[PDB]
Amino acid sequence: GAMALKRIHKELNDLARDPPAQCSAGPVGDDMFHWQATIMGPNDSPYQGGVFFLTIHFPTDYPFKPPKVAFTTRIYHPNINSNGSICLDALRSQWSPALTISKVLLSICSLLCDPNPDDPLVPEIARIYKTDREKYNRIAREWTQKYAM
């Protein structure tokens, strides 16, 4: 309804006025409720140099339910699966209307930097992250080269 549209426009404007570091987001075309986003691989992470795309769909009662957010770029990470689904509590049980796309993008950036142990969406990647970090990094770098450049 009009409440969601007002908030979504305000958030688009918030991102333009204070352009993050290393992320962007906004409507695909003219559909305010369907956005794209991009996140640059953080420096000093195995994703450095990559560019990762995401899709975002706002519900019609945003901001009082969460947006649906998924990666569209393949990534080697314990909490993001091959469907691009993202295990992040803010997008589920922990949503609040005080969260915004900017905060969500910052949280996903931090998640790339430091995975969540409790949430292995891809159990084998979570295992290599815990047991052999240098191997995890090497493979995450290789997938950044293959998919995100």
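In case it trips you up, residue 1 is the first one in the sequence shown, and so on.
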Would you mind checking where the Cα B-factor of residue 107 ranks among the modelled residues of its chain, as the lowest, middle or highest third? lowest
Please rank the C-alpha B-factors of the chain's modelled residues and tell me whether residue 80 sits in the lowest, middle or highest third. middle
Please say which third, lowest, middle or highest, residue 114 falls into when its CA temperature factor is compared across its chain. middle
Chain third (lowest, middle, highest) by recorded CA B-factor, residue given as residue 135: middle
Sorting the chain's CA B-factors, does residue 8 end up in the lowest, middle or highest third? middle
